[PDB]
Amino acid sequence: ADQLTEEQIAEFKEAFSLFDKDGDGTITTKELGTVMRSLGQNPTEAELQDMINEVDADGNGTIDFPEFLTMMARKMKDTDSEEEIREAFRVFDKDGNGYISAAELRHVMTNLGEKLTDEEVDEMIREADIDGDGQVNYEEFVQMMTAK
Amino acid sequence: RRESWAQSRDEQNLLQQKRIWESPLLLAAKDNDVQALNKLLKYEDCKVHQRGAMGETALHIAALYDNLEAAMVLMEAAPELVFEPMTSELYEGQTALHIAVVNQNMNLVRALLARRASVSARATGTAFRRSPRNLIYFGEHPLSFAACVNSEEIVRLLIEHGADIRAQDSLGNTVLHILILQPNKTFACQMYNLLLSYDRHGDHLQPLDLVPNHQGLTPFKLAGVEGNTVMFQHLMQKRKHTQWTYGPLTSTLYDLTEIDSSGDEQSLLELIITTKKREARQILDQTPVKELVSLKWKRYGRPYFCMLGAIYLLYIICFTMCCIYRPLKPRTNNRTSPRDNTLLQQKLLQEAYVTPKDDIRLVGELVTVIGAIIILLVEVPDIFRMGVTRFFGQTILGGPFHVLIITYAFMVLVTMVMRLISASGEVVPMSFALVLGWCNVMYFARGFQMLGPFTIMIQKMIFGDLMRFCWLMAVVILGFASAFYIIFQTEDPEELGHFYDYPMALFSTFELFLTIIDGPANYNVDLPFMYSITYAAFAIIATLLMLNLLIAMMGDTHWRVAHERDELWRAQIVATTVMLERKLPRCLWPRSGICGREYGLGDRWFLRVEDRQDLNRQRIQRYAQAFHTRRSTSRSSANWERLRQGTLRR
Amino acid sequence: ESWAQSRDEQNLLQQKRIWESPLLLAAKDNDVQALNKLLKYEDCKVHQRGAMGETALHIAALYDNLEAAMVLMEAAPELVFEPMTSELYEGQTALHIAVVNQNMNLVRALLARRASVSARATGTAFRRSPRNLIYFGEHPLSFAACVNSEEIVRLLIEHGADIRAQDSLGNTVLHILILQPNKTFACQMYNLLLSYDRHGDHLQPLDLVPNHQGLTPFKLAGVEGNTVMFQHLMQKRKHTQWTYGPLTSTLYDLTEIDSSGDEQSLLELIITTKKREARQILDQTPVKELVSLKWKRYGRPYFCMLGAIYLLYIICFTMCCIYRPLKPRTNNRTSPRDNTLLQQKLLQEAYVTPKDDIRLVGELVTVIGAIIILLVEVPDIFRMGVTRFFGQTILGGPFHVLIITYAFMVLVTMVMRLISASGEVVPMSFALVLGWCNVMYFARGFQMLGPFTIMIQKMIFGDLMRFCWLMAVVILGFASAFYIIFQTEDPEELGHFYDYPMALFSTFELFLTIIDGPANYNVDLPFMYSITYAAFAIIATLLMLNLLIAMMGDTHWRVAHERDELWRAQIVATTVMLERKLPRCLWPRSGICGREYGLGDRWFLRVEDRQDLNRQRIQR
Amino acid sequence: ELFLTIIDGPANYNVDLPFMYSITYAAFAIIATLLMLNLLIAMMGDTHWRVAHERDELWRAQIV
Ligand SMILES: CC(C)CCC[C@@H](C)[C@H]1CC[C@H]2[C@@H]3CC=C4C[C@@H](OC(=O)CCC(=O)O)CC[C@]4(C)[C@H]3CC[C@]12C
Ligand SMILES: CC(C)CCC[C@@H](C)[C@H]1CC[C@H]2[C@@H]3CC=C4C[C@@H](OC(=O)CCC(=O)O)CC[C@]4(C)[C@H]3CC[C@]12C
Ligand SMILES: CC(C)CCC[C@@H](C)[C@H]1CC[C@H]2[C@@H]3CC=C4C[C@@H](OC(=O)CCC(=O)O)CC[C@]4(C)[C@H]3CC[C@]12C
Ligand SMILES: CC(C)CCC[C@@H](C)[C@H]1CC[C@H]2[C@@H]3CC=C4C[C@@H](OC(=O)CCC(=O)O)CC[C@]4(C)[C@H]3CC[C@]12C
Ligand SMILES: CC(C)CCC[C@@H](C)[C@H]1CC[C@H]2[C@@H]3CC=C4C[C@@H](OC(=O)CCC(=O)O)CC[C@]4(C)[C@H]3CC[C@]12C
Ligand SMILES: CC(C)CCC[C@@H](C)[C@H]1CC[C@H]2[C@@H]3CC=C4C[C@@H](O)CC[C@]4(C)[C@H]3CC[C@]12C
Ligand SMILES: CC(C)CCC[C@@H](C)[C@H]1CC[C@H]2[C@@H]3CC=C4C[C@@H](O)CC[C@]4(C)[C@H]3CC[C@]12C
Ligand SMILES: [Ca+2]
Ligand SMILES: [Ca+2]
Ligand SMILES: [Ca+2]
Ligand SMILES: [Ca+2]
Ligand SMILES: [Ca+2]
Ligand SMILES: [Ca+2]
């Protein structure tokens, strides 16, 4: 959406993945209602029709990933970071996917000496992880490098 | 011979700049100078086809230095200006349309397509070919440029004005091959989905994501060989066929028509193992491929690798006991070489198998010669085929255990010669054939998870922190061995005989380096005075300095490469299963997976994986609310700040 | 000692002058009502110098007394035009103090009274030293630019400043801006001084003018180790050429970085200095590629050809020491009984043999090799290191010392063979192990053997010149303890300890365990021995020798980041050294000449790099 | 015993050993004391700080 970097797109694509439970790139009105029921709240089957036809610019009723990606620009989070931190994450992130791993922090500590064991590396992530996946986002990494 | 290349490219870039200043219109084109272009182009002698140092006209300089106002003046005055590709051995083919594309934004690209542009222009020169060379590989055709610069507005603008979405390259790469081997992977995924949208179901016989290059390799297998983990997860979403979701329990159904080892078509597991580029081994930890190798190893891979680990181990014992019970005959003449230099008292029989004990060995010796030929008929057809030593730069450098087992079956057939032609030196080829023979038992220690990552570490010391040590050992034991020799050259070698011969003085000094003998001491004859000094220096910088530093090198390395060896071990399970699947017949190895004839899914083989997925309400709350429209911590947090100023200050 | 004592008895003495003076104490604090009373006397004796020579106006300046300092100027003689006339605070005027106090209205009030903007503040606490915490400079505008005073530099230039102002060290004002510890604020004050510099009387203007040792501001940013200032100066010398999407092209001027033929350059000055932050300019953007062009092309192919000549030299020295002439002993071996085994002696002068004539070539080669080493090394220590100023070359690079000692010991055993001296094995035993261990010098053109030869010289002078003081404490105590036990005993059964020289070489081999140990088992050993050798084996074989494995093991992973930049600084020291010694027909100039391609007379090296297109979206 | 250096080594000067011995003992001087005895120091040295949190809380379960 004309400003989106490689990080937020790699986060939104994984966010599109667990939200879609048939493997393709089409969000049906039904499979949106599958997630909504798991939030405890119930749909009304017209609320599902409300949220799809809000942004379905092509007119198919199935939310494709470009129409999903410009939707998260409307419901945007924010853009406030530093240019040195975003470069520092791409040095750490080896396989270009917008996430740091347990084996991608044992590499960075090894270059700095530091003699880390496998147990503290999993204890670093538990203070870095917010949503609870054992996998540091970009927003989880910016939140640690300047704040706590 | 090869460093003139780096000069001659830099000769052209300065010669290009000099031709700009010694020209009225090119200097006018490098800047805007819109008053000056109208001044010059009303003349007669102005060559508008002026060739610079590469073939550049005024419009290229207006485009490369992105002067769109100077571009409008030149298109009115010169008709054949969207044409005329460059000529020199560098950039060829490249018109003004390519340069307007590569800059990620121009109004010139809307202007040049109006002025009858040329989108078939193969930009084939020595500056658009991938190699340890030019920093970029964007492609050949103008659509291939617009794709790999992240230009979503230009690719839509190219296909409308009569483009070609299918056309290959000199390498044979299509458009979708170029998107895979870019260094910006997540923007390549959005361009991947866009370039398939304008395919519009061509009748072109496997439409454009199955078409191979000149190697013969699909886009799906190009994410695997190169190392694209981001593309390989994206390309897999067309393959899965997810069955049901019983709450927090899914059941997907992957497509093993290109992953699993097929017939004579080289499958995807056969291409990763025979490839460099360490990021390619990251594919072996992916959700259809990790579950495939583990189900080919627990079932059919390990019980066959132990029945070859036991036939070979009963082969060496049959070969060992034919060396222990080898024929010897007592010494003939009578100690003819003089005393104190001769103590051998047996010799080797000419031909004597005439006793019932030797016919038992004759059974055993024929086993290890038949078995020696079989080793040279399953692996030597790879050195018969792929080169002797000059074309054969692949398997020598790749597999260490290839060399030791060809050497073993060579030493047996040296001993086969010397037993028949009745030679003398048979104790030498049986000296190799035993240490070479028993150290291939180390090969059959990769399936056992206990012994697996230990043989990985040994070959990373031999080709690592021991030949970093063996050069600065041979420096020391050529200095001191020539120092201990010349001191004891003027002495009596009958109470201290460690140094009386310069081949011998190399041998005792090497042992004192390792302390695997005691040390020259007599305690009855007053030694030379210089020995007590030069051995005292040799005791410090061998036993106290350089050997304890070698413990510090192997101890520093072993905690650094300590998760790479668990990546290297699980990539040798794949290298074993693929090898065992090939050389064994199909009657013992069932094809892995579930067929699709009787279940009505086609001819392709499937593999079902079920996984209890997840929770984290907190994650999905953040995205559905957008949809909703109208102490060990103190140890860990201390480790974050040591990374924090460790990063922001570098 | 004596300087710190001299400061503190004088910094308290001028405080003692304040408490005993009426208006100096009235300048220590404001005290406006008593200050009017004192000045209307007969004569105040207004100078009345204290311990460092300051007036009452300097006291009002130093304690930020703006109210008193206004009052004294109307009742003032030449106190405004007055330096501190003494030792260590010398020449420091009242304009100097108000500048360093970082914010004053007195600096406008002093320069209203035509105050001296030219005042040499050359005491002893202004000169750069470890004795002095600040090198602010020598002049007022040298002071004002270092303390980040933006307004005063605008005001000193306005009142006729001294923008060049070379000094006692010859330092320009822009030189002193590089010697500051706050590297960021120097970058702002740097460009503010060049704006008032512009041109007109050329004199190679102020980013070219050297000090009294010969050093531009660009070359001074390198030597001291200033890195943030170094990249800011590089921006003036680079030249962007064309940008093509991501693929840009820069055309760096390689003038002050590459040694022309003489006249010491930047790469020759990083090596000679020893600061840790000095060896960091070797990873900046023109210097990183320049070294890797001179090492890949004319480096390693001239350093492997030079290493193969030396190793073919050391073999023809070794093989003429293996086949050295000897003769059987003619001295009647009943000479001391049963305690000698010398059976062969050294010939006097006998070369008439065709085997000896082939060897005579081999000695004459290795002697001519011993002159040529002393002709390329000893004329270098004549000018720098005459007898003991070689101490820097002692500690810095040990391979200067070993290669001189090798060619020295050959000349010592050249004299002993011409005059037929007795002991030739004493020079040659040094001449071999020095001569083969110099092949370790040629293990620096290899990333294989590179950082391993650095770790050997760190263990020897950091962790084995440490362990060998507490080793000789141990193995002299037990060596005198084992001696006095076996003293009253037969020296032909267990003869390890029969005299005190050999008892120091038995125990030295028992500490490292390179002999088995005293054990006879056929005779009853002394009872005291089995106790004290059990306590010896614990604190030698088990305590201290396994402690040295834990200390070399701990150091090796701790300074492994350091050895990877100690090696790349030994590439530059080898690149520079071959550049100086070899002629100009071999080793062409690095870079590309800029005379043919219409640009100038300089030497250029270009670089072409991709800038990772997501960075362009951050360049929005 | 030669693998662990708990004897000296077969060396019997004043008689000449066969030629093949000094080659094959030199290779057994390296896969030996040099390589596979110092690798065991590094391997026991690696593990002794990896499981150091565990060996304490495995001791407290040997009191219960
Ligand atoms: C006469 C009777 C006893 C039969 C003898 C046959 C077996 C004892 C031999 C003959 C063929 C041998 C096999 C030939 C080929 C290979 C592959 C070879 O693979 C490698 O070396 C791969 C190394 C790498 O990939 O790095 C390892 C030994 C092995 C299994 C050999 C194991 C022992 C075998 C089965
Ligand atoms: C290449 C691998 C095996 C390691 C290289 C290390 C070298 C520094 C070592 C191992 C091989 C050794 C050589 C192997 C063979 C011989 C011949 C042998 O000489 C004899 O014939 C001795 C006479 C006798 O044994 O009676 C022992 C010395 C020497 C030069 C050895 C000297 C020390 C060497 C060069
Ligand atoms: C920081 C320093 C103290 C290093 C510590 C090293 C010492 C503990 C070692 C190293 C060199 C050794 C010396 C090397 C040579 C000799 C000569 C040696 O020979 C003789 O004097 C006897 C003569 C003969 O053998 O006929 C006696 C021991 C001695 C002094 C050794 C004593 C122990 C020394 C001083
Ligand atoms: C008699 C004939 C065979 C001449 C043989 C030539 C060698 C005996 C000499 C000639 C010039 C010498 C070189 C001259 C100067 C140096 C620099 C010198 O540098 C140092 O002192 C090390 C520290 C540093 O400079 O970084 C190291 C030895 C070396 C290469 C010398 C090695 C031995 C060389 C090649
Ligand atoms: C760190 C220590 C405490 C652990 C184990 C130490 C023991 C193994 C040592 C310490 C004292 C030693 C004893 C000290 C004295 C002697 C006398 C010694 O020699 C004699 O018998 C002298 C008289 C004679 O030879 O007849 C024989 C061994 C023995 C028992 C020693 C045996 C080994 C002992 C018990
Ligand atoms: C007394 C005679 C017989 C032998 C004594 C050997 C001594 C004097 C020599 C021989 C080996 C030498 C060492 C060999 C290797 C290195 C590492 C190098 O980076 C610096 C020099 C240094 C540290 C040398 C110092 C001096 C040294 C210890
Ligand atoms: C010279 C003759 C007599 C004996 C010499 C044996 C030498 C050449 C052989 C025998 C044992 C072999 C080693 C045995 C084990 C391994 C581990 C493997 O992962 C890589 C190869 C490596 C490191 C072999 C290298 C070559 C080797 C050292
Ligand atoms: Ca759906
Ligand atoms: Ca849609
Ligand atoms: Ca990652
Ligand atoms: Ca997360
Ligand atoms: Ca030992
Ligand atoms: Ca021993």
# chains A, B, ... in the order shown; residues from 1 in each chain; ligands from 1
$ residues_near_ligand --ligand "ligand 9" --cutoff "9 Å" --atoms "only C-alpha atoms and all ligand atoms" --output "PyMOL selection string"
chain A and resi 25-27+55-68
$ residues_near_ligand --ligand "ligand 3" --cutoff "7 Å" --atoms "only C-alpha atoms and all ligand atoms" --output "PyMOL selection string"
(chain B and resi 526-529+532-533+536-537) or (chain C and resi 465+468-469+471-472+475+501-502+504-505+508)
$ residues_near_ligand --ligand "ligand 6" --cutoff "7 Å" --atoms "only C-alpha atoms and all ligand atoms" --output "MDAnalysis selection string"
(chainID B and resid 533:534 537) or (chainID C and resid 398:399 429:430 433:434 437 440 453:454 456:457 460)
$ residues_near_ligand --ligand "ligand 1" --cutoff "6 Å" --atoms "only C-alpha atoms and all ligand atoms" --output "PyMOL selection string"
chain B and resi 308+311-312+315+367-368+370-371+374-375+399-402
$ write_last_selection --atoms "C-alpha atoms" --output "PDB file, in the first residue's frame"
ATOM      1  CA  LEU B 308      24.486 -53.136   5.286  1.00  0.00           C
ATOM      2  CA  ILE B 311      27.309 -57.373   6.180  1.00  0.00           C
ATOM      3  CA  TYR B 312      30.237 -54.969   5.851  1.00  0.00           C
ATOM      4  CA  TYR B 315      33.319 -58.566   5.688  1.00  0.00           C
ATOM      5  CA  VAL B 367      35.420 -63.656  -0.281  1.00  0.00           C
ATOM      6  CA  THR B 368      37.416 -60.475   0.243  1.00  0.00           C
ATOM      7  CA  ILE B 370      35.054 -60.894  -4.762  1.00  0.00           C
ATOM      8  CA  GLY B 371      33.835 -58.243  -2.328  1.00  0.00           C
ATOM      9  CA  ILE B 374      31.785 -55.292  -6.024  1.00  0.00           C
ATOM     10  CA  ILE B 375      32.972 -52.076  -4.336  1.00  0.00           C
ATOM     11  CA  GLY B 399      32.292 -37.040   0.063  1.00  0.00           C
ATOM     12  CA  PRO B 400      35.201 -38.123   2.250  1.00  0.00           C
ATOM     13  CA  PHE B 401      33.994 -41.713   2.602  1.00  0.00           C
ATOM     14  CA  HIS B 402      33.986 -42.192  -1.178  1.00  0.00           C
TER      15      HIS B 402
END
$ select_by_dssp --residues "range 580-625 of chain B" --states "helix (DSSP H, G or I)" --output "VMD selection string"
chain B and resid 580 to 583 617 to 625
$ closest_residue --among "B:196, B:74, B:539, B:292" --to "ligand 12" --atoms "only C-alpha atoms and all ligand atoms"
B:539
$ residues_around --residues "range 506-518 of chain B" --least-positions-apart "4" --cutoff "8 Å" --atoms "only C-alpha atoms" --output "ChimeraX atom specification"
/B:477-478,480-481,498-499,502,542-543,547 /C:514-516 /D:2,5,8-9,22,29,33-34
$ write_last_selection --atoms "N, CA and C atoms" --output "PDB file, in the first residue's frame"
ATOM      1  N   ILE B 477      59.235 -28.871  14.288  1.00  0.00           N
ATOM      2  CA  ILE B 477      59.951 -30.145  14.344  1.00  0.00           C
ATOM      3  C   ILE B 477      60.823 -30.328  13.107  1.00  0.00           C
ATOM      4  N   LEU B 478      61.043 -29.250  12.352  1.00  0.00           N
ATOM      5  CA  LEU B 478      62.164 -29.225  11.416  1.00  0.00           C
ATOM      6  C   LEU B 478      63.280 -28.340  11.941  1.00  0.00           C
ATOM      7  N   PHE B 480      63.877 -27.833  15.526  1.00  0.00           N
ATOM      8  CA  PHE B 480      64.463 -28.505  16.673  1.00  0.00           C
ATOM      9  C   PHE B 480      65.044 -29.864  16.326  1.00  0.00           C
ATOM     10  N   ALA B 481      64.471 -30.578  15.356  1.00  0.00           N
ATOM     11  CA  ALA B 481      65.029 -31.870  14.968  1.00  0.00           C
ATOM     12  C   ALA B 481      66.369 -31.705  14.271  1.00  0.00           C
ATOM     13  N   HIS B 498      68.526 -41.598  20.153  1.00  0.00           N
ATOM     14  CA  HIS B 498      67.325 -41.007  19.591  1.00  0.00           C
ATOM     15  C   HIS B 498      67.690 -40.170  18.376  1.00  0.00           C
ATOM     16  N   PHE B 499      68.950 -39.747  18.292  1.00  0.00           N
ATOM     17  CA  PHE B 499      69.378 -38.865  17.215  1.00  0.00           C
ATOM     18  C   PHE B 499      70.698 -39.335  16.622  1.00  0.00           C
ATOM     19  N   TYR B 502      69.178 -38.470  10.382  1.00  0.00           N
ATOM     20  CA  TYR B 502      68.212 -37.386  10.222  1.00  0.00           C
ATOM     21  C   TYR B 502      66.791 -37.841   9.885  1.00  0.00           C
ATOM     22  N   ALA B 542      56.353 -26.832  23.187  1.00  0.00           N
ATOM     23  CA  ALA B 542      55.639 -27.985  22.658  1.00  0.00           C
ATOM     24  C   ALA B 542      54.623 -28.511  23.660  1.00  0.00           C
ATOM     25  N   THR B 543      55.068 -28.795  24.879  1.00  0.00           N
ATOM     26  CA  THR B 543      54.241 -29.491  25.854  1.00  0.00           C
ATOM     27  C   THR B 543      53.377 -28.505  26.636  1.00  0.00           C
ATOM     28  N   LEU B 547      50.688 -27.447  22.490  1.00  0.00           N
ATOM     29  CA  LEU B 547      49.729 -28.525  22.656  1.00  0.00           C
ATOM     30  C   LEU B 547      48.535 -28.131  23.505  1.00  0.00           C
TER      31      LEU B 547
ATOM     32  N   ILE C 514      57.546 -34.960  31.432  1.00  0.00           N
ATOM     33  CA  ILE C 514      58.146 -35.456  30.202  1.00  0.00           C
ATOM     34  C   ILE C 514      59.252 -36.426  30.611  1.00  0.00           C
ATOM     35  N   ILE C 515      59.275 -36.806  31.885  1.00  0.00           N
ATOM     36  CA  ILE C 515      59.957 -38.018  32.318  1.00  0.00           C
ATOM     37  C   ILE C 515      59.019 -38.768  33.246  1.00  0.00           C
ATOM     38  N   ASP C 516      59.325 -40.048  33.446  1.00  0.00           N
ATOM     39  CA  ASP C 516      58.465 -40.922  34.229  1.00  0.00           C
ATOM     40  C   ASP C 516      58.496 -40.537  35.698  1.00  0.00           C
TER      41      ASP C 516
ATOM     42  N   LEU D   2      48.596 -47.256  23.943  1.00  0.00           N
ATOM     43  CA  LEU D   2      49.180 -46.168  23.163  1.00  0.00           C
ATOM     44  C   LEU D   2      48.134 -45.123  22.807  1.00  0.00           C
ATOM     45  N   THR D   5      48.187 -42.893  26.056  1.00  0.00           N
ATOM     46  CA  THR D   5      49.525 -42.639  26.597  1.00  0.00           C
ATOM     47  C   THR D   5      49.648 -43.106  28.038  1.00  0.00           C
ATOM     48  N   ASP D   8      54.771 -45.965  27.054  1.00  0.00           N
ATOM     49  CA  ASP D   8      55.535 -45.008  26.277  1.00  0.00           C
ATOM     50  C   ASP D   8      55.234 -45.161  24.799  1.00  0.00           C
ATOM     51  N   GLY D   9      55.694 -46.244  24.200  1.00  0.00           N
ATOM     52  CA  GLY D   9      55.694 -46.352  22.765  1.00  0.00           C
ATOM     53  C   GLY D   9      56.757 -47.323  22.315  1.00  0.00           C
ATOM     54  N   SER D  22      57.022 -46.911  11.141  1.00  0.00           N
ATOM     55  CA  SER D  22      57.151 -45.501  11.491  1.00  0.00           C
ATOM     56  C   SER D  22      56.158 -44.632  10.733  1.00  0.00           C
ATOM     57  N   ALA D  29      49.979 -41.712  15.873  1.00  0.00           N
ATOM     58  CA  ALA D  29      50.314 -40.627  16.772  1.00  0.00           C
ATOM     59  C   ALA D  29      49.360 -39.456  16.645  1.00  0.00           C
ATOM     60  N   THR D  33      46.395 -39.262  20.940  1.00  0.00           N
ATOM     61  CA  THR D  33      46.800 -38.105  21.737  1.00  0.00           C
ATOM     62  C   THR D  33      46.426 -36.769  21.099  1.00  0.00           C
ATOM     63  N   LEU D  34      46.680 -36.602  19.803  1.00  0.00           N
ATOM     64  CA  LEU D  34      46.480 -35.316  19.148  1.00  0.00           C
ATOM     65  C   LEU D  34      45.014 -35.050  18.810  1.00  0.00           C
TER      66      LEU D  34
END
$ residues_near_ligand --ligand "ligand 7" --cutoff "7 Å" --atoms "only C-alpha atoms and all ligand atoms" --output "ChimeraX atom specification"
/B:400-401,431-432,435-436,439,442,455-456,458-459,462 /D:23-24,27,31
$ closest_residue --among "B:559, B:448, B:91, B:325" --to "residue 302 in chain B" --atoms "only C-alpha atoms"
B:448
$ interface_residues --of "chain D" --to "chain B" --cutoff "7 Å" --atoms "only C-alpha atoms" --output "PyMOL selection string"
chain D and resi 5+8-9+13-16+20+38-39+42+46
$ write_last_selection --atoms "N, CA and C atoms" --output "compact mmCIF listing (two decimals), in the first residue's frame"
# COMPACT_ATOMS: atom_id res chain seq x y z
N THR D 5 48.19 -42.89 26.06
CA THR D 5 49.52 -42.64 26.60
C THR D 5 49.65 -43.11 28.04
N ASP D 8 54.77 -45.97 27.05
CA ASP D 8 55.53 -45.01 26.28
C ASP D 8 55.23 -45.16 24.80
N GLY D 9 55.69 -46.24 24.20
CA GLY D 9 55.69 -46.35 22.76
C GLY D 9 56.76 -47.32 22.32
N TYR D 13 65.72 -48.73 19.69
CA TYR D 13 67.00 -48.37 19.08
C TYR D 13 68.11 -49.35 19.46
N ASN D 14 69.12 -49.48 18.57
CA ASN D 14 70.16 -50.50 18.40
C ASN D 14 69.68 -51.75 17.67
N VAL D 15 68.40 -51.81 17.28
CA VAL D 15 67.95 -52.69 16.19
C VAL D 15 67.05 -51.85 15.29
N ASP D 16 67.00 -52.19 14.01
CA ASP D 16 66.23 -51.39 13.07
C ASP D 16 64.84 -51.97 12.89
N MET D 20 57.58 -49.80 7.50
CA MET D 20 56.16 -49.49 7.48
C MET D 20 55.66 -49.08 8.86
N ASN D 38 42.05 -34.97 22.57
CA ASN D 38 41.77 -33.57 22.86
C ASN D 38 40.37 -33.18 22.42
N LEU D 39 39.77 -33.97 21.53
CA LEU D 39 38.36 -33.76 21.20
C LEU D 39 37.48 -34.18 22.37
N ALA D 42 37.38 -31.37 24.79
CA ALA D 42 36.48 -30.32 24.35
C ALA D 42 35.03 -30.74 24.48
N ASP D 46 32.46 -28.95 26.68
CA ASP D 46 31.24 -28.34 26.15
C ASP D 46 30.05 -28.70 27.02
$ residues_near_ligand --ligand "ligand 8" --cutoff "8 Å" --atoms "only C-alpha atoms and all ligand atoms" --output "ChimeraX atom specification"
/A:20-32,62
$ residues_near_ligand --ligand "ligand 4" --cutoff "9 Å" --atoms "only C-alpha atoms and all ligand atoms" --output "PyMOL selection string"
chain C and resi 303+306-314+316+364-377+393+396-404+407+438+441-442+570-571+573-574+577-578+581
$ decode --residues "range 143-151 of chain B" --atoms "N, CA, C and O atoms" --output "CSV table (one decimal), in the first residue's frame"
chain,number,residue,atom,x,y,z
B,143,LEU,N,9.6,-6.5,-19.4
B,143,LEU,CA,8.7,-6.9,-18.3
B,143,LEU,C,9.5,-7.6,-17.2
B,143,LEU,O,9.1,-7.5,-16.0
B,144,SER,N,10.6,-8.2,-17.5
B,144,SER,CA,11.5,-8.8,-16.5
B,144,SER,C,12.2,-7.7,-15.6
B,144,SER,O,12.5,-8.0,-14.5
B,145,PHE,N,12.4,-6.5,-16.2
B,145,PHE,CA,13.0,-5.4,-15.4
B,145,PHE,C,11.9,-4.9,-14.5
B,145,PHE,O,12.2,-4.6,-13.3
B,146,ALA,N,10.7,-4.6,-15.0
B,146,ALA,CA,9.6,-4.0,-14.3
B,146,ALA,C,9.1,-4.9,-13.1
B,146,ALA,O,8.6,-4.4,-12.2
B,147,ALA,N,9.3,-6.2,-13.3
B,147,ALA,CA,9.0,-7.2,-12.3
B,147,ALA,C,9.9,-7.0,-11.1
B,147,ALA,O,9.4,-6.8,-9.9
B,148,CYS,N,11.2,-7.2,-11.3
B,148,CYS,CA,12.1,-7.2,-10.2
B,148,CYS,C,12.7,-5.9,-9.8
B,148,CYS,O,13.9,-5.8,-9.6
B,149,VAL,N,11.9,-4.8,-9.7
B,149,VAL,CA,12.2,-3.6,-9.1
B,149,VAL,C,11.1,-3.1,-8.2
B,149,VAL,O,11.1,-1.9,-7.8
B,150,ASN,N,10.2,-4.0,-7.9
B,150,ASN,CA,8.9,-3.8,-7.2
B,150,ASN,C,8.1,-2.6,-7.8
B,150,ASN,O,7.9,-1.6,-7.2
B,151,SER,N,7.7,-2.8,-9.1
B,151,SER,CA,6.9,-1.8,-9.7
B,151,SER,C,5.5,-2.3,-10.1
B,151,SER,O,5.3,-2.9,-11.1
